[PDB]
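Take a look at this one chain, the form deposited without its partner chain, written out in structure tokens.
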């Protein structure tokens, strides 16, 4: 049709101009991150401003091509990305109020500090003070003071702002023909017009709930084991049948149970595998780390890094030192990392180069399709690389471990428990938090029980109980960065499931023998081929199809994650055979 042909032409010209402006913005931002200067600040600001204004104009232009008259789905995808009205659908008054609220909540969160009540000029920030307390304190009341002070100082500020934010976001979403803001967020998994691969926004709720039901047994056994350990760590404060008090979970929210490892490690006389000392003994340097990562990716049949990557990357510290993978366009790929010769930075190099490998795979796609299949794909791709790179088999191959090294079962259990505290512990947390936000946006939780329901859900889904009662002046959800800064959260759940799906499939392609957690995909070009068949897609195809390309199934599945942890599950069942498994929601520290 004429309109579709004109849409294709518009998108082609958009692609050329966007490539140019995006490259300049990416290069300016890279320069600032590599060399902090007022001049590079200015150059970054100029590039970003040109890019954003260009996108504003192109959004208006994209409106001239109604999707109702487009029959090509790829064209439809590109047009929809540019046509999103978003906050612009509101009146300037409501738009302005929403932006003021958003910036205010962000500022409240990032300036949050709590001070010693007996000496008010002694104050602590979230990072490092309060985080240090929540990770390392064994003082029930100090931890309670930090947890409660954070919620009281910050969440109470946020409460009225969050109420108005719900109102305005719901108006924005309904004006874009969604049910509410939560439905609007779940649109990020939607698929239409592809027979056999469709995915509705309501289906995400069902699939998250079903997979969570399936992981409930493993989580209950992990929870019971951790509860038994914590009763030893905080005597007289934890009921044998009750939820875990929310302030004893190793960070400010219990998002991860990572920092509980040293309080729960099964076999503390066995250290965990650390090849840092071997790396230093063999005089490794950052370049060596990244060359080994490149070898790993080549071994499955993927390309080695570009000459421009090796020229332009900052793998050494001269700069913002966050590990990051930059896909600037025009064949320009870089990694920014202040690499140290440590096992963690070796694994992180594998992760970031996984990001880069994904980026290279879909570079040939149209501009707007040069992205992950959905919000969870990119980090899952990154994570599986670390999984393979840390296995004892892999470390033996690169000569960082002795050929006769054999991992005993106690070390294996320690490693899987540490993995579960982070990976499994965060799934009930993430599901429950997003479920609360979904229900709030839906209108299913009145304001006057926002907190009452929050904690009811914390007790029921997460097995976690507030150490002190919180009335509706609190906004405990908003005390976490992602809530106050208006980020969807379910990505951390889906990302997790995806990453084990991927791994299992790849490891089956590599004909891996033994427990899944010991698998290494090195030297398996069949595995690299299966992975690449999804990587090259970008987001040109539904995420369901992209997932099927790797793992042979069209939907999220938790069974691979359960398989990965099955040895730990078996061990935990045996450990818990004289303990309660599960929890009563009735007990509280203050009742």
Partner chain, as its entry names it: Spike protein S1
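Residue numbers count along the first chain shown, from 1. Note that the rigid core is defined as the largest set of C-alphas that superpose within 1.5 Å between two forms.
We do not show the form deposited with its partner chain bound, though everything after this point is about it.
- The candidate stretches are 415 to 423, 448 to 456, 331 to 339, 212 to 220, and the one lying within 4.5 Å of its partner chain in the bound PDB entry by heavy atoms is 331 to 339.
- Its partner chain in the bound PDB entry is approached by residue 10, whose closest heavy atom lies within 4.5 angstroms of it.
- Its partner chain in the bound PDB entry is approached by residue 24, whose closest heavy atom lies within 4.5 angstroms of it.
- Contact check for residue 553: no non-hydrogen atom falls within 4.5 Å of its partner chain in the bound PDB entry.
- Contact check for residue 577: every heavy atom lies farther than 4.5 Å from its partner chain in the bound PDB entry.
- Following superposition on the rigid core between this form and the one not shown, the residue from 103, 192, 402, 409 with a C-alpha displacement of 2 angstroms or more is 402, and no other.
- If you fit the rigid core between this form and the one not shown, you'll see the Cα of residue 32 move by 2 angstroms or more.
- After superposing the rigid core, the Cα of residue 43 is displaced by 2 Å or more between this form and the one not shown.
- Core-aligned CA deviation for residue 119 between this form and the one not shown: 2 Å or greater.
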